[PDB]
């Protein structure tokens, strides 16, 4: 007998000041966010949200970015009235990084906690400047980080689908999830765009002003060099997506930690096969 939340949250304040030059204390973030429950889980107390959102962060060795992410996003996600949880998918070992494979692990593991029907995939170093930019799913796949400071506050190209995005459970299943074989930097997000288009979908976006986003400046991570096979890979997505993705995924979870503000899943996703 709780009523549905309003369709758009009345709590939103719009544009927000965001800065990355001060230290962050997660103990204090946790105290500032008392309604956030163990594992980084929150649903509103006064109404039922139709947005059951698992937020998935691909991760290795970005603890500092992550504290900023948690400081800024948690208050935003509560104002958006989402029934949500945060998952940091931490790649075990020190071999070449695989962003999209971690994202698939996150989808599949989050489903074991709770009946999530919406998946937001967010890089760790991207912070939204306007809480009108909704971190939940739409009737088409949603590209969220549309106007990043590092690309001059617009799309670097109209088919860009990197950074932060949201797919419903059904959208994600319809494309057989994300590719597993993009090792090292680049192109897995273009492949994901291809997948959506080949399954009859198009990209929904907020406007450039609501969609403004900050990227935390940082230097190159080691073990995530540009993948030189990326350009060939993206040219063949239509054929490869049929049998690469959810239906070809394995991994071994090494450790699950419930911290107050996030669940961290440490996972062995292997090396190129």
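Residue numbers count along the first chain shown, from 1. If you superpose the two forms and keep the largest set of C-alpha atoms that fall within 1.5 Å, you have the rigid core.
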Inset, instruction - Compare 227-235 with 202-210 and report which one shows the larger root mean square C-alpha deviation from this form in 6 other deposited structures of this protein once the rigid core is superposed. - result: 227-235
Inset, instruction - Find the stretch among 181-189 and 99-107 with the larger RMS C-alpha deviation in 6 other deposited structures of this protein, all structures being superposed on the shown form by the rigid core. - result: 181-189
Inset, instruction - Say whether residue 27, which has coordinates in the shown structure, is without coordinates in a third or more of the other compared entries. - result: no
Legend entry - residue 52 unmodelled in at least a third of other compared entries: no
Inset, instruction - Select between 20-28 and 260-268 the stretch whose C-alpha atoms have the higher average B-factor in the entry. - result: 20-28
Inset, instruction - Averaging only over Cα atoms, indicate whether 34-42 or 51-59 has the higher B-factor in the PDB entry. - result: 34-42
Legend entry - Record-listed C-alpha B factor of residue 185: chain third: highest
Legend entry - Chain-relative CA temperature factor third for residue 94: highest
Legend entry - Record-listed C-alpha B factor of residue 227: chain third: highest
Inset, instruction - Place residue 253 in the lowest, middle or highest third of its chain's C-alpha B-factors, as listed in the PDB entry. - result: middle
Inset, instruction - Would you check the entry's CA temperature factor for residue 169 and let me know if it's in the chain's lowest, middle or highest third? - result: lowest
